[PDB]
Amino acid sequence: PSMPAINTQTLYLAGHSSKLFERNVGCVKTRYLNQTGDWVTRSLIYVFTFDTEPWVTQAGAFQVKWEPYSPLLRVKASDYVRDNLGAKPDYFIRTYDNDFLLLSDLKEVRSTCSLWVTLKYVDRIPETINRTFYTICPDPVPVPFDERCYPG
Ligand SMILES: *[C@@H]1O[C@H](CO[C@@H]2O[C@@H](C)[C@@H](O)[C@@H](O)[C@@H]2O)[C@@H](O[C@@H]2O[C@H](CO)[C@@H](O[C@H]3O[C@H](CO)[C@@H](O)[C@H](O)[C@@H]3O)[C@H](O)[C@H]2NC(C)=O)[C@H](O)[C@H]1NC(C)=O
Ligand SMILES: CC(C)CCC[C@@H](C)[C@H]1CC[C@H]2[C@@H]3CC=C4C[C@@H](O)CC[C@]4(C)[C@H]3CC[C@]12C
Ligand SMILES: *[C@@H]1O[C@H](CO)[C@@H](O)[C@H](O)[C@H]1NC(C)=O
Ligand SMILES: [Cl-]
Ligand SMILES: [Cl-]
């Protein structure tokens, strides 16, 4: 079935547990690139937010595997994405719909969250999604809305 990590729509980071924070790493999103067998190749696009010099758009690739109805998302990250952004080889899928995905850290006990949404919800997340995020995630920090990340 359809789950956002293996679908073609772009996902934008809407929130995360505070412990995950990386200074000057903004406008985080992942685009769908292609698929080979059960592995979907996505890009991780981010902007190096200096104040100043001018902002630097960066892109690294990674692959994901999802067995149908599995609670786990397999992630095969590149060395750059892995070492620089801390991408883990597995994430726990808490819940999702076509327009959102809530992932947790599998190995950590105080399991860090990352909340992802499709373009319609960057300015405002639905009360239901927001309530789930704030209930089950430790130190929930929303990503603030910034028109420079998606001029439109
Ligand atoms: C996303 O959810 C945030 C968390 O909501 C809280 O936790 C949920 C699990 C649920 O229990 C819900 O009922 C809780 O409110 C939202 O943050 C909360 O927003 C409140 C805004 O009214 C805030 O309060 C403020 O306002 C009162 C006046 O009515 C003041 O007296 C008070 O000092 C506050 O300023 C509340 O404290 C806050 N809670 C937390 C834990 O941060 C958030 O708004 C929501 N966002 C969206 C996009 O819906
Ligand atoms: C979205 C799906 C398909 C999988 C994404 C997997 C990887 C690439 C994701 C999962 C959790 C993500 C991290 C979550 C939180 C933060 C803190 C923020 O301040 C900078 C980005 C950063 C560091 C993210 C980088 C990318 C990340 C490691
Ligand atoms: C597409 O897949 C190829 C190999 O299958 C890979 O090199 C590339 O990163 C993917 N993305 C695009 C858009 O080329
Ligand atoms: Cl600024
Ligand atoms: Cl709503």
# chains A, B, ... in the order shown; residues from 1 in each chain; ligands from 1

call {"tool": "residues_around", "arguments": {"residues": "segment 88-104 of chain A", "least_positions_apart": "5", "cutoff": "9 Å", "atoms": "only C-alpha atoms", "output": "PyMOL selection string"}}
result
chain A and resi 2-5+7+9+11+70-77+82+111-121+129+132-133+137

call {"tool": "residues_near_ligand", "arguments": {"ligand": "ligand 2", "cutoff": "6 Å", "atoms": "only C-alpha atoms and all ligand atoms", "output": "ChimeraX atom specification"}}
result
/A:5,16,20-22,25,85-87,114

call {"tool": "write_last_selection", "arguments": {"atoms": "N, CA and C atoms", "output": "CSV table (one decimal), in the first residue's frame"}}
result
chain,number,residue,atom,x,y,z
A,5,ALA,N,7.0,7.6,2.7
A,5,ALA,CA,8.4,7.4,2.5
A,5,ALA,C,8.7,6.7,1.1
A,16,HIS,N,10.7,18.0,15.2
A,16,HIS,CA,11.6,17.1,15.7
A,16,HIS,C,11.8,17.2,17.2
A,20,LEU,N,17.8,16.2,18.5
A,20,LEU,CA,18.3,16.1,17.1
A,20,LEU,C,18.9,17.3,16.5
A,21,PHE,N,18.5,18.5,16.9
A,21,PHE,CA,18.9,19.8,16.3
A,21,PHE,C,20.4,19.9,15.8
A,22,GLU,N,20.5,20.4,14.6
A,22,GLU,CA,21.8,20.7,14.0
A,22,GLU,C,21.8,22.2,13.6
A,25,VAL,N,21.1,24.2,9.8
A,25,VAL,CA,20.6,23.2,8.8
A,25,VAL,C,19.2,23.4,8.7
A,85,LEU,N,24.5,14.2,8.9
A,85,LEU,CA,23.2,14.4,9.4
A,85,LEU,C,22.7,13.4,10.4
A,86,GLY,N,23.5,12.3,10.6
A,86,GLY,CA,23.2,11.3,11.6
A,86,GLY,C,22.1,10.3,11.2
A,87,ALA,N,21.8,10.1,9.9
A,87,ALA,CA,20.8,9.2,9.4
A,87,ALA,C,21.2,7.8,9.9
A,114,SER,N,10.9,12.6,14.5
A,114,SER,CA,11.0,13.5,13.3
A,114,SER,C,9.6,13.4,12.7

call {"tool": "residues_near_ligand", "arguments": {"ligand": "ligand 4", "cutoff": "10 Å", "atoms": "only C-alpha atoms and all ligand atoms", "output": "list in words"}}
result
residues 49, 50, 51, 52, 146 and 148 of chain A

call {"tool": "residues_near_ligand", "arguments": {"ligand": "ligand 1", "cutoff": "6 Å", "atoms": "only C-alpha atoms and all ligand atoms", "output": "PyMOL selection string"}}
result
chain A and resi 124-125+127+130-131+134-135

call {"tool": "write_last_selection", "arguments": {"atoms": "N, CA, C and O atoms", "output": "PDB file, in the first residue's frame"}}
result
ATOM      1  N   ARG A 124       0.842  25.160   8.500  1.00  0.00           N
ATOM      2  CA  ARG A 124       0.025  24.667   9.596  1.00  0.00           C
ATOM      3  C   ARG A 124      -0.269  23.176   9.463  1.00  0.00           C
ATOM      4  O   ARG A 124      -0.948  22.680   8.560  1.00  0.00           O
ATOM      5  N   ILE A 125       0.137  22.529  10.477  1.00  0.00           N
ATOM      6  CA  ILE A 125      -0.079  21.129  10.727  1.00  0.00           C
ATOM      7  C   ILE A 125      -1.473  20.918  11.337  1.00  0.00           C
ATOM      8  O   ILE A 125      -1.874  21.632  12.259  1.00  0.00           O
ATOM      9  N   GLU A 127      -4.539  19.656  13.685  1.00  0.00           N
ATOM     10  CA  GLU A 127      -4.577  19.470  15.137  1.00  0.00           C
ATOM     11  C   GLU A 127      -4.356  18.047  15.554  1.00  0.00           C
ATOM     12  O   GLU A 127      -3.774  17.830  16.610  1.00  0.00           O
ATOM     13  N   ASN A 130      -0.560  17.249  15.018  1.00  0.00           N
ATOM     14  CA  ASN A 130       0.125  18.035  16.031  1.00  0.00           C
ATOM     15  C   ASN A 130      -0.054  17.431  17.422  1.00  0.00           C
ATOM     16  O   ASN A 130       0.907  17.400  18.184  1.00  0.00           O
ATOM     17  N   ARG A 131      -1.263  16.938  17.747  1.00  0.00           N
ATOM     18  CA  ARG A 131      -1.548  16.357  19.054  1.00  0.00           C
ATOM     19  C   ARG A 131      -0.774  15.053  19.257  1.00  0.00           C
ATOM     20  O   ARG A 131      -0.199  14.846  20.320  1.00  0.00           O
ATOM     21  N   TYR A 134       3.017  16.034  19.823  1.00  0.00           N
ATOM     22  CA  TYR A 134       3.257  16.550  21.176  1.00  0.00           C
ATOM     23  C   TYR A 134       3.015  15.524  22.329  1.00  0.00           C
ATOM     24  O   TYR A 134       3.542  15.711  23.427  1.00  0.00           O
ATOM     25  N   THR A 135       2.273  14.434  22.077  1.00  0.00           N
ATOM     26  CA  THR A 135       1.978  13.443  23.110  1.00  0.00           C
ATOM     27  C   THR A 135       3.035  12.390  23.241  1.00  0.00           C
ATOM     28  O   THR A 135       3.433  12.076  24.369  1.00  0.00           O
TER      29      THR A 135
END

call {"tool": "residues_around", "arguments": {"residues": "residue 28 of chain A", "least_positions_apart": "3", "cutoff": "7 Å", "atoms": "only C-alpha atoms", "output": "PyMOL selection string"}}
result
chain A and resi 12-13+45-46

call {"tool": "write_last_selection", "arguments": {"atoms": "C-alpha atoms", "output": "PDB file, in the first residue's frame"}}
result
ATOM      1  CA  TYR A  12       9.174  18.528   4.464  1.00  0.00           C
ATOM      2  CA  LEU A  13      10.516  18.291   8.022  1.00  0.00           C
ATOM      3  CA  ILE A  45      17.791  18.483   0.327  1.00  0.00           C
ATOM      4  CA  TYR A  46      18.887  21.028   2.996  1.00  0.00           C
TER       5      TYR A  46
END

call {"tool": "atom_distance", "arguments": {"atom1": "atom CA of residue 106 of chain A", "atom2": "atom CA of residue 80 of chain A"}}
result
21.2 Å

call {"tool": "select_by_dssp", "arguments": {"residues": "chain A", "states": "strand (DSSP E)", "output": "ChimeraX atom specification"}}
result
/A:11-17,25-36,39-48,56-65,72-77,90-97,100-105,113-117,140-142

call {"tool": "residues_near_ligand", "arguments": {"ligand": "ligand 3", "cutoff": "8 Å", "atoms": "only C-alpha atoms and all ligand atoms", "output": "MDAnalysis selection string"}}
result
chainID A and resid 33:36 41:42 61

call {"tool": "closest_residue", "arguments": {"among": "A:8, A:1, A:122, A:30", "to": "residue 143 of chain A", "atoms": "only C-alpha atoms"}}
result
A:122

call {"tool": "closest_residue", "arguments": {"among": "A:108, A:126, A:152, A:58", "to": "ligand 5", "atoms": "only C-alpha atoms and all ligand atoms"}}
result
A:126

call {"tool": "atom_distance", "arguments": {"atom1": "atom CA of residue 69 of chain A", "atom2": "atom CA of residue 138 of chain A"}}
result
24.8 Å
